[PDB]
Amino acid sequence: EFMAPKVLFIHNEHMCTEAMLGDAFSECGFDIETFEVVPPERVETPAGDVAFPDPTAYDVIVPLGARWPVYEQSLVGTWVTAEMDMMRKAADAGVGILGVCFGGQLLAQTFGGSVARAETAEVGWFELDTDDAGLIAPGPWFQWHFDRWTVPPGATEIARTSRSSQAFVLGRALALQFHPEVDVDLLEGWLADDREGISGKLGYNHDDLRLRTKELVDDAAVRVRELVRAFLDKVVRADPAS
């Protein structure tokens, strides 16, 4: 029996699912599993211990985004530290890791780079400056974040904007601050829950986010597939590191 490679998507929050990264991994031949960290009934009370699965059952694991601060005392005090422990165990066993937004920030904290409120948020589609366009293209990429990470020791920063570090590699781990996975329906799920932003008072508006996303669909679908393929080609091939 031939073993297809296996990826685990870690749903840190229930509205932040794998979307086009799922398609990308499926098209690279991966079987897909998912793990729910915070169920929908805990979206306003995320704190509480959670038992993560053994990462060595997978070739790649993917912690995805979420709305809470990765440095929240009661999250670090419960399931964030358990997730950090899972990432360390996976790194050490040579599993590949692709972290997105909150998940990239979690990787930074795991390996000793702190995360904090950013001086200037990024909400919308943005280009970035990259050192390796063959791995992290200039984009544009969709962003929705108010925290930024400090690149951890031993990591190499690959890409950035003026406002935030955007991608780093550490061994077979790649952390991303942007959402390469976002398509029209995933965005709509976020827009419908953005209570305080529907009025436009936070420097953006839903209509313009929706429209820019509509325009960039075909382009963004190609980029996420190239991103995943390059991640498999270049990062999972590195020696493991921590």
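Quick note: we count residues from 1 along the sequence shown, nothing fancier.
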property	result
Between the two ranges 190 to 198 and 23 to 31, the one averaging a larger CA B factor in the entry	190 to 198
Mean temperature factor over C-alpha atoms, higher-scoring stretch between 129 to 137 and 96 to 104	129 to 137
From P180, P69, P40, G65, residue of greatest CA B-factor	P40
Where the record places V115 (Cα B-factor, split into thirds across the chain)	lowest
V217 - which third its CA temperature factor falls in, relative to the rest of the chain	highest
For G154, the third of its chain into which the C-alpha B factor falls	highest
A51, C-alpha B-factor rank within chain (lowest, middle or highest third)	middle
Modelled-residue ranking by C-alpha temperature factor, third containing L209	middle
